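Tertiary structure, described
Each chain, letter by letter, is given below.
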Amino acid sequence: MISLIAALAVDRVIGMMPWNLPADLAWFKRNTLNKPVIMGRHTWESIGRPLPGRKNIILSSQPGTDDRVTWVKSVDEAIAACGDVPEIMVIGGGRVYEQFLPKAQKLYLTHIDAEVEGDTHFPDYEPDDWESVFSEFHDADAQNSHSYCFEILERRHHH
Ligand SMILES: Nc1nc2c(c(=O)[nH]1)N[C@@H](CNc1ccc(C(=O)N[C@@H](CCC(=O)O)C(=O)O)cc1)CN2
Ligand SMILES: [Cl-]
Ligand SMILES: [Cl-]
Ligand SMILES: [Cl-]
Ligand SMILES: [Mg+2]
Ligand SMILES: [Mg+2]
Ligand SMILES: [Mg+2]
Ligand SMILES: [Mg+2]
């Protein structure tokens, strides 16, 4: 099964960080550890080093040479490279989320209370097609710059 995981500012702006949220990074790690992660080449270059404890699959029509990750050229190849696993995590960026959304059955979202200047957005999804099965709000604190709300949604309908 395919899931997307993303952190969204107001207006669904995503980035590679205008905010400083170690709690969100802990949420990201907890929910991706021991699962393959699929990302586009822009996201890969922004991370710079393979995420530990996860198979790192990079979707790009023009692969790099880095032997530390697995390079694939299509959504279908990305999925095949993951093989028989319970859950595949798609970690962005904008275009990769857009291509994978139709195949996804679960969303892990962090809704951040920040207005920011970026131009890359998380895909449009029809809220009526999803059910909110978890939500938790957290205030900002000495370690986290903004307030945020974790949410998990499960797909109920497809169009
Ligand atoms: N919800 C959430 N989802 C996301 C991101 C986020 O920002 N938060 N960011 C996007 C991908 N970018 C990164 C950049 C850095 C890291 C990263 O470095 N993670 C460490 C944890 C951080 C650390 O302890 O050093 C890890 O092992 O997972 C993860 C995703 C995609 N999805
Ligand atoms: Cl957590
Ligand atoms: Cl990308
Ligand atoms: Cl505090
Ligand atoms: Mg090689
Ligand atoms: Mg889009
Ligand atoms: Mg769309
Ligand atoms: Mg319904």
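Residues numbered from 1 in each chain as written, not as in the entry; some residues may be left out. Chains lettered and ligands numbered in written order. Heavy atoms only, no water.

Method of determination, as given in the entry header: X-ray crystallography; reported resolution: 1.3500 Å.

**Topic: the packing of aromatic side chains**
This structure, assessed with the given rule, holds 7 aromatic pairs. Seen from their ring centres, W27 and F134 are 6.0 Å apart, and the 15 degrees between their planes marks the pair as stacked. Here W27, found in helix α1 (residues 22-32), pairs with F134, found in strand β7 (residues 130-138); they are 107 residues apart in sequence, far enough to count as distant. Clustering of aromatic rings is evident, with ring pairs tying together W27, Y108, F134, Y148 and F150. (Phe/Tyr/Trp six-rings, centres within 6.5 Å; stacked < 30°, edge-to-face > 60°. Helix = DSSP H or I, 4+ residues; strand = E, 2+ residues; numbered from the N terminus.)

**Let's talk about the site of ligand 1**
Around ligand 1 sit 15 residues, and of these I5, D24, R54, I91 and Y97 come closest. Within the side chain of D24, one N or O atom sits 2.6 Å away from a nitrogen atom of ligand 1. Residue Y97 places a side-chain N or O atom 3.4 Å away from a nitrogen atom belonging to ligand 1. The protein chains hide 75% of the 670 Å² of surface that ligand 1 would expose on its own. The set of elements that each furnish at least two residues to the shell around ligand 1 consists of β1 (2-8) and α1. Sorting elements by how many residues they give to the shell around ligand 1 places α1 first, with 5 residues. (Near = heavy atom within 4 Å. Polar contact = N/O pair within 3.5 Å; in protein donor to acceptor, adjacent residues only side chain to side chain. Areas by Shrake-Rupley, 256 points an atom, 1.4 Å probe, with all protein chains shown as cover.)

**Examining the pairing of strand β3 (residues 56-59)**
Because side chains alternate across β3, one face comprises the buried residues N56 and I58, and the other comprises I57 and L59, equally buried. In terms of strand pairing, strand β2 (residues 37-40) meets β3 through 4 bridges, oriented parallel. Residue pairing for β3: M39 is matched across the bridge by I58. At this point the chain moves from β2, through helix α2 (residues 41-47), to the parallel β3, and the crossover so formed is right-handed. Strand direction decides the pairing type here: β3 and strand β4 (residues 70-72), joined by 3 bridges, are parallel. Of the residues in β4, the one forming a bridge with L59 is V72. (Buried < 20%, exposed > 50% of the residue type's maximum accessible area, 1.4 Å probe, protein only. Pairing = 2+ DSSP bridges. Right-handed = clockwise from strand over helix to strand, strands pointing away.)

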